[PDB]
Amino acid sequence: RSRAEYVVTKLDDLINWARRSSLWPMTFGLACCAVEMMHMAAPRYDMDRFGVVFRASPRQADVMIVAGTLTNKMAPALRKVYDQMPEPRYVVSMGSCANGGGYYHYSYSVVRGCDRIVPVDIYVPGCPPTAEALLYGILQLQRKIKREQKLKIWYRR
Amino acid sequence: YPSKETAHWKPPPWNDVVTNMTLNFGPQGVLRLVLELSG
Amino acid sequence: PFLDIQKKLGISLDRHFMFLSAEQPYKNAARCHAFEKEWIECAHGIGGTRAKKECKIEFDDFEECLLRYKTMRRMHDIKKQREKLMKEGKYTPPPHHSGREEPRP
Amino acid sequence: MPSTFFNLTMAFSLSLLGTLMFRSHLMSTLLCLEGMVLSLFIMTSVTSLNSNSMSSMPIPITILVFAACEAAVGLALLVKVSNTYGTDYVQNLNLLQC
Amino acid sequence: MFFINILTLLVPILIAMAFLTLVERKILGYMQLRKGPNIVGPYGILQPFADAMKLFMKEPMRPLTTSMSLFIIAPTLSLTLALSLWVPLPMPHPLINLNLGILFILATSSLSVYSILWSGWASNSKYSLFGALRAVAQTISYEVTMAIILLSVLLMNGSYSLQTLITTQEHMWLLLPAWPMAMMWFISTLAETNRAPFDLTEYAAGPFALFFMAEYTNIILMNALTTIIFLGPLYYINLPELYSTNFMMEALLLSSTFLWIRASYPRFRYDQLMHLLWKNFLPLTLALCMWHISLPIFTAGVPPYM
Amino acid sequence: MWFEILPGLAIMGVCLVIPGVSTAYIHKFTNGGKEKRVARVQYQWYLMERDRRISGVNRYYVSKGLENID
Amino acid sequence: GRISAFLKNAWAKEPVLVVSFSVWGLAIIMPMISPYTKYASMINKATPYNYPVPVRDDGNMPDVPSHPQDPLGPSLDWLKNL
Amino acid sequence: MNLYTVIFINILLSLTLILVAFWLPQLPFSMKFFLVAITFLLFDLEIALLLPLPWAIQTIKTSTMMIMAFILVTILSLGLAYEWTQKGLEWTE
Amino acid sequence: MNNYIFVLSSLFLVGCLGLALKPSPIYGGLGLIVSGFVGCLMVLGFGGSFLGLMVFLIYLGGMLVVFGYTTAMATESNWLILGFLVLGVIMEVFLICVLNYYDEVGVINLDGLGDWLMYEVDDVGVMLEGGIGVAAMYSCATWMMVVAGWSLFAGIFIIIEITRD
Ligand SMILES: CCCCCCCCCCCCCCCCCC(=O)OC[C@H](COP(=O)([O-])OCC[N+](C)(C)C)OC(=O)CCCCCCCCCCCCCCCCC
Ligand SMILES: CCCCCCCCCCCCCCCCCC(=O)OC[C@H](COP(=O)(O)OCCN)OC(=O)CCCCCCCCCCCCCCCCC
Ligand code: SF4
């Protein structure tokens, strides 16, 4: 192909590498799944070693880890915090509650999945899914945002 | 001397004579705190 | 001053740094120390009116030292005349005023 | 030095005229007061350094300290005004006319 | 040649700042029985570069209600004050030899607390403004205790120069004559840098990266200043590389001491921090200030002007 | 293990060796194999200006000894 | 007795104020005790920041020396032996 | 000239950093804070008085300088003691 | 490099003009900080670094910190102040020009710019820097020393008494 598209592809590689190497989350943590989140933060799995910084503010956050049961009383707060997060933002839903309501699916005060409120990038299944599996979801997110070609789309505009 | 430009004045008194923080503690996150502070 | 407690008790709370020719740290003379000393030596003991009338020569010398108004007038006149002779071109600067001279310590 | 001293005196004059022409902000009035204070400090310091008056270089230090305590007093007064009226607007300060 | 010296001073300082972020991550991980970043790069050496590139690549969420003037001014001011703080430092020879370099340092810290105050007022939130006022009060109180401590130790030294400090330190460390002062100075530098246990903690992407850069640069500088003042490196007129290496080693130990303290201790309360300073340091600071006034008088050890 | 942090220690140690050593070397190179003469007082500045005037090349660091005296 | 107990339990509960006050008192009293206090003033007087202007002698004063390398004058052997 | 060059380079570097940072993505008053602010003003001006001591240590009249410095640091201590006794140092209703 | 001090004085005049023009008090304090830095630069250019670092360390260092702090506990646009500021700076340029041409060498001289900054300096000599006399306030002017100390002590008493409420 053209020489300019090669440079554009390499620039996409650099930008995607930066975004997946420096992935700062805030965990909108509610429950059991947030406990298992901090077990992934724990020294065995070491997302800080992976480049993923524990306890970041929503202003400095890249991905929101929806960890727990999203209730009707909490969904406006979830949407507000998601709106306060800057534009390059991803969503990792974790657990059956945040995925599709889970064990409280037929409840009067439980939102059937956080995808009804925020656009979810990756769903992590389990109740709770292990910290091993959540770290799998994070690495899958890094691969997914490695697959992005934003300057390639812009050049092909 | 009450004139039109000074008749609205009143004599001085003989003796010459709570706004608080309504903070919302929260996403440090499933806890809401309406917290009433004096400084 | 209005009250003379300092003169009555003989102390000098603030009288020893009144002017430039007063006491200085490590004997560092201020500018126009000699001129101000001459003015004070003239003006002492005769009062303000006779100091203004009679010590006008000393006061004018001290004021000229302190403000350099006539010095600025003279140097500006010299520079303006030199610039005019630059413009009409009948004069050239010497090597020592053009930055090319043999230095001396 | 005479041009810069003239500029400093015009700066003091502008700050004084700003002090004399009030706006809604007593904070702005105090800031103009310290514009005058700062201009006074520069004129005193340049005069002392030009005259080599080592005996009188403490005078800028004294004007700085004294004017700073005076402005601390004024800031305390502005705090009292802001507490009693919500704001520091000088038109709220007018019930001593009668 | 002077511009080359400027470049070879400032660029390695920024490299030291980025790798200070990396070594803080690694030391905190290894003190928490885990590892630092090592996947990003060979042994994590590309992790600060990835962090900086992501921070400059992410769009800054700029609220329109925030004043663009102050939003611009605060981080650029903080970074330029960190670098201006770095310039007048002799290692054992400075880029710029100032007559009153320590006064320059302290007043540059005053302009830094302007920077944090302006950022807090620009951040249009009442909680942000409250935390800003708390942080300015913290920085201000530890600045006044730094100024008095530093005044007394230079009363022992002789002048506000730093080569005079090197000549003072060429026989022994100032830590032995002024070690309680050294402890209070260390705590004061900690609370200036807002490190744990004095952190007591708004901006996204670009400004956040700039503030992070300036804060870590100030951390390295407080370590370097503590080294140069209190713990004199070995100085010889025929070789300055020994002084540079020894100052390097002591600065690395002091930076590791800040990371050590952050790992070890829980943070203070705001009332406890003000109580600690205004009721334990400043009485001791004033008493030791008058003691160090008295010391050369009754020992006849008045230092020279040069 | 704990020695894995020593890469970062080595990078920081190196990049604090460059500034001071480079500053001293640039001072020696710009002043002719000698330290940069400091003028903390007007006496030292006057000495620098005197050396600059004696040296005859408008650089103060060209010191002249007894070869200038018969 | 009671005063000694007051300083003792003050030192027990909080030594910061005790150390600061003792350092205050020591800073007051030690210039009045040490024999080196006058030597600081002597050294500051002996330090020659200014040129010593020579005096035109009429021969009526013999205390001033004609030469710097003379036994006459304020030598600093006390400073060398300090 | 050197310090002017370094400060200009510093400001230019910080300005270009904020410029590439932008171009690359394409009330209830509390009295006690004012109290510690003015206490800092007073103590900072007392520092401004205390600062010339590295040159005041070289004076001939060391006794008078020592007495003035002792009196000044004593009134620092007395003012701080006043504020401590009248509760200007605590954060309590 | 001879117009450096005049450029600094003009910048100080511009900052004082804006401060008199009275923007929102945060921006007024910013202009006062700029004017303080400029005054520091003028003092450093004219003489010893000590008085400049008093401006830069006590005036800038503490005093406008407390001004900014007290403004921060206060509260407040209309963008007119910039319009009168640019009008004031072009009027200032015109005024200094007409004063320069009209008074020949009086208060302002174009040819005399930079010629009369340092009048007379002791080229050979130690004990000339600006901190020496201010240190002699400890010895020569003990009355200065004690009135400044009593001013600060009384100011403490005054401030807690006023804010006692
Ligand atoms: C410069 C090189 C490096 C030095 C430091 C090395 C690293 C050390 C790191 C340690 C951990 C620090 C983490 C933060 C801790 C914060 C808490 C803290 O420190 O609080 C301070 C604590 C506070 O104590 P506190 O919290 O118990 O409060 C005291 C008040 N009461 C008890 C009423 C509640 O201590 C101090 O403030 C004391 C400071 C040191 C004073 C030392 C005085 C020694 C003697 C003086 C001289 C006497 C003789 C004079 C000459 C006589 C000659 C004859
Ligand atoms: C984003 C907006 C930010 C606004 C604030 C900017 C802050 C920048 C960082 C802090 C700079 C602090 C400078 C403080 C003044 C210098 C202090 C000092 O000690 O100066 C004296 C020194 C020489 O004195 P001495 O040591 O006695 O030497 C003689 C013996 N050989 O040296 C001198 O005499 C040199 C005199 C000049 C020194 C200062 C240079 C300032 C340069 C201009 C800055 C602004 C530029 C314009 C705006 C740009 C865009 C924002
Ligand atoms: S999915 Fe299961 S483990 Fe997770 S929050 Fe819901 S009930 Fe708890």
# chains A, B, ... in the order shown; residues from 1 in each chain; ligands from 1

$ residues_around --residues "residue A:15" --least-positions-apart "3" --cutoff "8 Å" --atoms "only C-alpha atoms" --output "PyMOL selection string"
(chain A and resi 11-12+18-19) or (chain E and resi 54+57)

$ interface_residues --of "chain G" --to "chain E" --cutoff "7 Å" --atoms "only C-alpha atoms" --output "PyMOL selection string"
chain G and resi 16+20+23-24+27+30-31+34+36-37+39-40

$ write_last_selection --atoms "C-alpha atoms" --output "compact mmCIF listing (two decimals), in the first residue's frame"
# COMPACT_ATOMS: atom_id res chain seq x y z
CA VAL G 16 8.96 19.30 73.29
CA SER G 20 12.48 24.30 73.82
CA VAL G 23 17.29 25.57 74.98
CA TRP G 24 15.88 29.09 75.42
CA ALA G 27 20.84 30.43 74.84
CA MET G 30 25.78 30.56 77.94
CA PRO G 31 27.07 33.86 76.42
CA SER G 34 31.79 31.07 78.34
CA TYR G 36 35.01 32.87 74.26
CA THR G 37 32.23 35.49 74.07
CA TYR G 39 36.70 36.70 71.19
CA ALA G 40 33.89 36.92 68.62

$ residues_around --residues "residue H:86" --least-positions-apart "6" --cutoff "10 Å" --atoms "only C-alpha atoms" --output "ChimeraX atom specification"
/H:80 /I:160,164

$ residues_around --residues "residue H:27" --least-positions-apart "5" --cutoff "9 Å" --atoms "only C-alpha atoms" --output "number ranges by chain"
B: 19-21; D: 86; E: 126; I: 73-75

$ interface_residues --of "chain I" --to "chain E" --cutoff "9 Å" --atoms "only C-alpha atoms" --output "compact mmCIF listing (two decimals) with N, CA and C atoms, in the first residue's frame"
# COMPACT_ATOMS: atom_id res chain seq x y z
N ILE I 26 -9.40 38.32 41.78
CA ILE I 26 -8.40 37.30 41.48
C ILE I 26 -7.45 37.78 40.39
N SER I 49 20.84 42.23 45.55
CA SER I 49 19.79 41.24 45.40
C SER I 49 18.92 41.10 46.64
N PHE I 50 19.31 41.69 47.77
CA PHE I 50 18.62 41.44 49.02
C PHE I 50 17.24 42.08 49.06
N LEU I 53 14.97 40.26 46.70
CA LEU I 53 14.50 38.99 47.24
C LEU I 53 13.60 39.18 48.46
N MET I 54 13.63 40.35 49.10
CA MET I 54 12.55 40.72 50.02
C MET I 54 11.24 40.96 49.29
N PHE I 56 10.47 39.57 46.45
CA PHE I 56 10.16 38.30 45.83
C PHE I 56 9.89 37.20 46.86
N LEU I 57 10.24 37.42 48.13
CA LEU I 57 10.13 36.44 49.21
C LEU I 57 9.17 36.83 50.32
N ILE I 58 8.95 38.12 50.55
CA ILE I 58 8.04 38.59 51.60
C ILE I 58 6.80 39.23 51.01
N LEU I 60 5.82 39.22 47.47
CA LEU I 60 5.29 38.12 46.67
C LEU I 60 5.16 36.86 47.52
N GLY I 61 6.12 36.63 48.41
CA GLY I 61 6.19 35.36 49.11
C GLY I 61 5.08 35.11 50.11
N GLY I 62 4.71 36.12 50.89
CA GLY I 62 3.64 35.95 51.85
C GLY I 62 2.41 36.83 51.69
N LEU I 64 0.88 38.69 49.18
CA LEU I 64 -0.13 38.39 48.17
C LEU I 64 -0.58 36.94 48.21
N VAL I 65 0.14 36.04 48.90
CA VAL I 65 -0.45 34.75 49.26
C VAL I 65 -1.69 34.96 50.10
N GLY I 68 -4.47 36.51 48.01
CA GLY I 68 -5.14 35.50 47.20
C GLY I 68 -6.00 34.57 48.03
N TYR I 69 -5.54 34.25 49.24
CA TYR I 69 -6.29 33.39 50.16
C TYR I 69 -7.60 34.05 50.58
N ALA I 72 -9.92 34.19 47.87
CA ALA I 72 -10.48 32.86 47.65
C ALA I 72 -11.63 32.57 48.60
N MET I 73 -11.59 33.07 49.84
CA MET I 73 -12.80 32.90 50.65
C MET I 73 -13.89 33.90 50.28

$ residues_near_ligand --ligand "ligand 1" --cutoff "8 Å" --atoms "only C-alpha atoms and all ligand atoms" --output "PyMOL selection string"
(chain E and resi 175+179-187+190+196-197+226-227+230-231+254+257+261+265+276-277+279-281+284+288+291) or (chain G and resi 13-16+19-20+22-23+26)

$ residues_around --residues "residue H:26" --least-positions-apart "6" --cutoff "12 Å" --atoms "only C-alpha atoms" --output "ChimeraX atom specification"
/A:87,150-151,154 /E:56-60 /H:20

$ write_last_selection --atoms "N, CA, C and O atoms" --output "PDB file, in the first residue's frame"
ATOM      1  N   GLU A  87     -13.196  11.415  27.613  1.00  0.00           N
ATOM      2  CA  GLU A  87     -13.752  10.769  26.422  1.00  0.00           C
ATOM      3  C   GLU A  87     -13.127   9.416  26.078  1.00  0.00           C
ATOM      4  O   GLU A  87     -13.891   8.489  25.760  1.00  0.00           O
ATOM      5  N   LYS A 150      -7.566   4.329  14.674  1.00  0.00           N
ATOM      6  CA  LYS A 150      -8.293   5.592  14.620  1.00  0.00           C
ATOM      7  C   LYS A 150      -7.747   6.505  13.532  1.00  0.00           C
ATOM      8  O   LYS A 150      -8.515   7.082  12.755  1.00  0.00           O
ATOM      9  N   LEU A 151      -6.421   6.646  13.455  1.00  0.00           N
ATOM     10  CA  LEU A 151      -5.845   7.442  12.378  1.00  0.00           C
ATOM     11  C   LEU A 151      -6.022   6.766  11.028  1.00  0.00           C
ATOM     12  O   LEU A 151      -6.086   7.454  10.009  1.00  0.00           O
ATOM     13  N   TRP A 154      -9.471   7.780  10.100  1.00  0.00           N
ATOM     14  CA  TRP A 154      -9.449   9.203   9.766  1.00  0.00           C
ATOM     15  C   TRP A 154      -8.787   9.458   8.416  1.00  0.00           C
ATOM     16  O   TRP A 154      -9.207  10.353   7.673  1.00  0.00           O
TER      17      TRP A 154
ATOM     18  N   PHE E  56      -0.645  12.628  27.830  1.00  0.00           N
ATOM     19  CA  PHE E  56      -0.686  13.653  26.795  1.00  0.00           C
ATOM     20  C   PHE E  56      -1.592  13.275  25.629  1.00  0.00           C
ATOM     21  O   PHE E  56      -2.010  14.161  24.877  1.00  0.00           O
ATOM     22  N   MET E  57      -1.914  11.991  25.471  1.00  0.00           N
ATOM     23  CA  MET E  57      -2.770  11.538  24.383  1.00  0.00           C
ATOM     24  C   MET E  57      -4.250  11.612  24.726  1.00  0.00           C
ATOM     25  O   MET E  57      -5.069  11.894  23.843  1.00  0.00           O
ATOM     26  N   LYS E  58      -4.605  11.367  25.984  1.00  0.00           N
ATOM     27  CA  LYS E  58      -5.986  11.488  26.426  1.00  0.00           C
ATOM     28  C   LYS E  58      -6.441  12.936  26.323  1.00  0.00           C
ATOM     29  O   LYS E  58      -5.670  13.863  26.586  1.00  0.00           O
ATOM     30  N   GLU E  59      -7.685  13.132  25.912  1.00  0.00           N
ATOM     31  CA  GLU E  59      -8.199  14.486  25.772  1.00  0.00           C
ATOM     32  C   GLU E  59      -8.428  15.086  27.153  1.00  0.00           C
ATOM     33  O   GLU E  59      -8.869  14.373  28.065  1.00  0.00           O
ATOM     34  N   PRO E  60      -8.109  16.362  27.366  1.00  0.00           N
ATOM     35  CA  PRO E  60      -8.373  16.988  28.669  1.00  0.00           C
ATOM     36  C   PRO E  60      -9.824  17.436  28.752  1.00  0.00           C
ATOM     37  O   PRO E  60     -10.292  18.218  27.921  1.00  0.00           O
TER      38      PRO E  60
ATOM     39  N   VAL H  20       1.313  21.215  23.460  1.00  0.00           N
ATOM     40  CA  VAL H  20       1.206  19.888  22.862  1.00  0.00           C
ATOM     41  C   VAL H  20       0.179  19.057  23.625  1.00  0.00           C
ATOM     42  O   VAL H  20      -0.481  18.189  23.039  1.00  0.00           O
TER      43      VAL H  20
END

$ residues_near_ligand --ligand "ligand 3" --cutoff "10 Å" --atoms "only C-alpha atoms and all ligand atoms" --output "PyMOL selection string"
chain A and resi 29-36+66-70+93-105+124-130

$ write_last_selection --atoms "N, CA, C and O atoms" --output "CSV table (one decimal), in the first residue's frame"
chain,number,residue,atom,x,y,z
A,29,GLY,N,-17.2,0.3,42.4
A,29,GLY,CA,-17.3,-0.9,43.1
A,29,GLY,C,-18.4,-0.9,44.1
A,29,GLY,O,-18.6,0.0,44.8
A,30,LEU,N,-19.2,-2.0,44.0
A,30,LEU,CA,-20.5,-2.1,44.8
A,30,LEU,C,-20.4,-3.2,45.9
A,30,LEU,O,-20.9,-3.0,47.0
A,31,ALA,N,-19.9,-4.3,45.5
A,31,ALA,CA,-20.2,-5.6,46.2
A,31,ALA,C,-19.1,-6.6,46.2
A,31,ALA,O,-17.9,-6.3,46.2
A,32,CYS,N,-19.5,-7.9,46.3
A,32,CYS,CA,-18.7,-9.1,46.2
A,32,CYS,C,-17.6,-8.9,45.2
A,32,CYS,O,-16.5,-9.3,45.3
A,33,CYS,N,-18.1,-8.5,44.0
A,33,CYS,CA,-17.2,-8.3,42.8
A,33,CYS,C,-16.1,-7.3,43.1
A,33,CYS,O,-15.0,-7.4,42.6
A,34,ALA,N,-16.5,-6.2,43.8
A,34,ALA,CA,-15.4,-5.2,44.2
A,34,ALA,C,-14.4,-5.8,45.2
A,34,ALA,O,-13.2,-5.5,45.1
A,35,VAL,N,-14.9,-6.7,46.1
A,35,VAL,CA,-14.0,-7.4,46.9
A,35,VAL,C,-13.0,-8.3,46.1
A,35,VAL,O,-11.8,-8.3,46.3
A,36,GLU,N,-13.5,-8.9,45.1
A,36,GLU,CA,-12.7,-9.8,44.2
A,36,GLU,C,-11.8,-8.9,43.4
A,36,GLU,O,-10.6,-9.3,43.0
A,66,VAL,N,-17.3,-1.9,36.4
A,66,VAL,CA,-18.6,-1.9,37.1
A,66,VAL,C,-18.6,-3.3,37.9
A,66,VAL,O,-18.8,-4.3,37.3
A,67,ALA,N,-18.4,-3.2,39.2
A,67,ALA,CA,-18.2,-4.3,40.1
A,67,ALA,C,-19.3,-4.4,41.1
A,67,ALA,O,-19.2,-3.7,42.2
A,68,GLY,N,-20.4,-5.1,40.8
A,68,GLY,CA,-21.4,-5.3,41.8
A,68,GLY,C,-22.8,-5.2,41.2
A,68,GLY,O,-22.9,-5.2,40.0
A,69,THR,N,-23.8,-5.0,42.1
A,69,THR,CA,-25.1,-4.9,41.7
A,69,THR,C,-25.5,-3.4,41.5
A,69,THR,O,-25.4,-2.6,42.4
A,70,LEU,N,-26.0,-3.0,40.3
A,70,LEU,CA,-26.4,-1.7,40.0
A,70,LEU,C,-27.9,-1.6,40.4
A,70,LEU,O,-28.7,-2.2,39.7
A,93,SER,N,-17.8,-4.4,32.6
A,93,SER,CA,-18.7,-5.0,33.5
A,93,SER,C,-18.2,-6.3,34.1
A,93,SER,O,-17.6,-7.1,33.3
A,94,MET,N,-18.3,-6.5,35.4
A,94,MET,CA,-17.8,-7.7,36.0
A,94,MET,C,-18.9,-8.3,36.9
A,94,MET,O,-19.4,-7.6,37.7
A,95,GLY,N,-19.1,-9.6,36.8
A,95,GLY,CA,-20.1,-10.3,37.6
A,95,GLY,C,-21.5,-10.3,36.9
A,95,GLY,O,-21.8,-9.6,36.1
A,96,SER,N,-22.3,-11.3,37.4
A,96,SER,CA,-23.6,-11.5,36.8
A,96,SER,C,-24.5,-10.3,37.1
A,96,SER,O,-25.4,-10.1,36.3
A,97,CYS,N,-24.4,-9.7,38.2
A,97,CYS,CA,-25.2,-8.5,38.6
A,97,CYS,C,-25.0,-7.4,37.6
A,97,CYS,O,-26.0,-6.9,37.0
A,98,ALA,N,-23.7,-7.0,37.3
A,98,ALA,CA,-23.5,-5.9,36.4
A,98,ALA,C,-23.7,-6.4,34.9
A,98,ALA,O,-23.9,-5.6,34.1
A,99,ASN,N,-23.6,-7.7,34.7
A,99,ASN,CA,-23.8,-8.2,33.3
A,99,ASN,C,-25.3,-8.2,33.0
A,99,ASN,O,-25.7,-7.4,32.0
A,100,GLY,N,-26.1,-8.9,33.7
A,100,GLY,CA,-27.5,-9.0,33.3
A,100,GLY,C,-28.4,-9.0,34.5
A,100,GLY,O,-29.5,-9.6,34.4
A,101,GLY,N,-28.0,-8.5,35.6
A,101,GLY,CA,-28.8,-8.5,36.8
A,101,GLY,C,-28.5,-9.7,37.7
A,101,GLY,O,-28.4,-9.5,38.9
A,102,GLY,N,-28.2,-10.8,37.1
A,102,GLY,CA,-27.7,-12.0,37.8
A,102,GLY,C,-28.7,-12.5,38.8
A,102,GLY,O,-29.9,-12.9,38.4
A,103,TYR,N,-28.3,-12.7,40.1
A,103,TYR,CA,-29.1,-13.3,41.1
A,103,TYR,C,-30.3,-12.4,41.5
A,103,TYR,O,-31.2,-12.9,42.2
A,104,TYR,N,-30.3,-11.2,41.2
A,104,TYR,CA,-31.3,-10.2,41.5
A,104,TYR,C,-32.0,-9.7,40.2
A,104,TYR,O,-32.3,-8.5,40.1
A,105,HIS,N,-32.0,-10.5,39.2
A,105,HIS,CA,-32.5,-10.1,37.9
A,105,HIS,C,-34.0,-9.7,37.9
A,105,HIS,O,-34.4,-8.7,37.3
A,124,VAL,N,-17.4,-9.6,32.0
A,124,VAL,CA,-16.6,-10.7,32.7
A,124,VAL,C,-17.6,-11.5,33.4
A,124,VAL,O,-18.3,-11.1,34.4
A,125,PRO,N,-17.8,-12.8,33.1
A,125,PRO,CA,-18.8,-13.6,33.7
A,125,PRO,C,-18.3,-14.4,34.9
A,125,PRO,O,-17.2,-14.9,34.9
A,126,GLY,N,-19.2,-14.5,35.9
A,126,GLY,CA,-18.9,-15.2,37.1
A,126,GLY,C,-19.7,-14.6,38.2
A,126,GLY,O,-20.4,-13.6,38.1
A,127,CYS,N,-19.7,-15.3,39.4
A,127,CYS,CA,-20.4,-14.7,40.5
A,127,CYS,C,-19.7,-15.2,41.8
A,127,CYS,O,-20.1,-16.2,42.4
A,128,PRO,N,-18.6,-14.6,42.3
A,128,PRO,CA,-17.8,-13.6,41.5
A,128,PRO,C,-16.9,-14.3,40.6
A,128,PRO,O,-16.4,-15.4,40.9
A,129,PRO,N,-16.6,-13.8,39.4
A,129,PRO,CA,-15.5,-14.3,38.6
A,129,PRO,C,-14.2,-14.1,39.4
A,129,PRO,O,-14.1,-13.1,40.1
A,130,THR,N,-13.3,-15.0,39.2
A,130,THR,CA,-12.0,-14.9,39.9
A,130,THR,C,-11.2,-13.7,39.5
A,130,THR,O,-11.4,-13.2,38.5

$ residues_near_ligand --ligand "ligand 2" --cutoff "6 Å" --atoms "only C-alpha atoms and all ligand atoms" --output "CSV table (one decimal) with N, CA, C and O atoms, in the first residue's frame"
chain,number,residue,atom,x,y,z
E,73,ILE,N,-2.5,28.7,33.5
E,73,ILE,CA,-1.4,29.3,34.2
E,73,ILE,C,-0.9,28.4,35.3
E,73,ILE,O,0.3,28.2,35.4
E,76,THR,N,1.6,25.2,34.1
E,76,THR,CA,2.8,25.8,33.4
E,76,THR,C,3.7,26.5,34.5
E,76,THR,O,4.9,26.4,34.5
E,77,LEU,N,3.0,27.3,35.4
E,77,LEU,CA,3.8,27.9,36.4
E,77,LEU,C,4.4,26.9,37.4
E,77,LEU,O,5.6,27.1,37.7
E,80,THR,N,7.5,25.4,35.5
E,80,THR,CA,8.6,26.4,35.3
E,80,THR,C,9.3,26.7,36.7
E,80,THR,O,10.5,27.0,36.7
E,81,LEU,N,8.5,26.7,37.8
E,81,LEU,CA,9.1,26.9,39.1
E,81,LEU,C,9.9,25.7,39.6
E,81,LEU,O,10.9,25.9,40.2
E,84,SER,N,13.2,26.2,37.6
E,84,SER,CA,13.9,27.4,38.1
E,84,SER,C,14.4,27.1,39.5
E,84,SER,O,15.4,27.6,39.9
E,98,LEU,N,24.3,32.0,42.2
E,98,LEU,CA,23.5,33.1,42.7
E,98,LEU,C,24.1,33.5,44.1
E,98,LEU,O,24.6,32.7,44.8
E,99,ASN,N,24.1,34.8,44.4
E,99,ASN,CA,24.5,35.3,45.7
E,99,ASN,C,23.6,34.9,46.8
E,99,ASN,O,24.0,34.5,47.9
E,100,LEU,N,22.3,34.9,46.6
E,100,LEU,CA,21.3,34.5,47.5
E,100,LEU,C,20.4,33.4,46.9
E,100,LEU,O,19.2,33.6,46.7
E,104,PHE,N,16.3,32.5,46.9
E,104,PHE,CA,15.7,32.2,45.6
E,104,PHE,C,14.9,31.0,45.7
E,104,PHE,O,13.7,30.9,45.2
F,39,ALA,N,32.6,36.0,40.9
F,39,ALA,CA,32.7,37.4,41.3
F,39,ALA,C,31.6,37.6,42.3
F,39,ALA,O,30.5,38.1,41.9
F,40,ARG,N,31.8,37.3,43.6
F,40,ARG,CA,30.8,37.6,44.6
F,40,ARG,C,30.8,39.0,45.1
F,40,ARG,O,29.8,39.5,45.6
H,3,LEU,N,20.7,33.9,33.6
H,3,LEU,CA,19.4,33.6,34.3
H,3,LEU,C,18.2,34.0,33.5
H,3,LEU,O,17.2,33.2,33.6
H,4,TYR,N,18.3,35.1,32.8
H,4,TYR,CA,17.2,35.4,31.9
H,4,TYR,C,17.0,34.3,30.8
H,4,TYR,O,15.9,33.9,30.5
H,7,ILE,N,15.4,31.2,32.6
H,7,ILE,CA,14.0,31.3,32.9
H,7,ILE,C,13.1,31.4,31.7
H,7,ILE,O,12.0,30.8,31.6
H,8,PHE,N,13.6,32.0,30.6
H,8,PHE,CA,12.9,32.0,29.3
H,8,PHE,C,12.8,30.6,28.7
H,8,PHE,O,11.7,30.2,28.2
I,44,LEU,N,16.6,44.3,41.4
I,44,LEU,CA,17.8,43.5,41.1
I,44,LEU,C,18.7,44.2,40.1
I,44,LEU,O,19.9,44.2,40.2
I,49,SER,N,20.8,42.2,45.6
I,49,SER,CA,19.8,41.2,45.4
I,49,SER,C,18.9,41.1,46.6
I,49,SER,O,17.9,40.4,46.6

$ residues_around --residues "residue F:64" --least-positions-apart "3" --cutoff "10 Å" --atoms "only C-alpha atoms" --output "PyMOL selection string"
chain F and resi 51+54-56+61+67-69

$ atom_distance --atom1 "atom CA of residue H:29" --atom2 "atom CA of residue D:74"
17.3 Å

$ interface_residues --of "chain D" --to "chain C" --cutoff "12 Å" --atoms "only C-alpha atoms" --output "list in words"
residues 1, 2, 5, 47, 48, 49, 50, 51, 52, 53, 54, 55, 56, 57, 58 and 59 of chain D

$ interface_residues --of "chain H" --to "chain D" --cutoff "8 Å" --atoms "only C-alpha atoms" --output "PyMOL selection string"
chain H and resi 29+38+41-42+45+48-49

$ interface_residues --of "chain H" --to "chain B" --cutoff "10 Å" --atoms "only C-alpha atoms" --output "list in words"
residues 27, 28, 29, 30, 31, 32, 33, 91, 92 and 93 of chain H

$ interface_residues --of "chain I" --to "chain C" --cutoff "12 Å" --atoms "only C-alpha atoms" --output "PyMOL selection string"
chain I and resi 103-113+115-122+124-147

$ interface_residues --of "chain B" --to "chain A" --cutoff "9 Å" --atoms "only C-alpha atoms" --output "ChimeraX atom specification"
/B:27-30
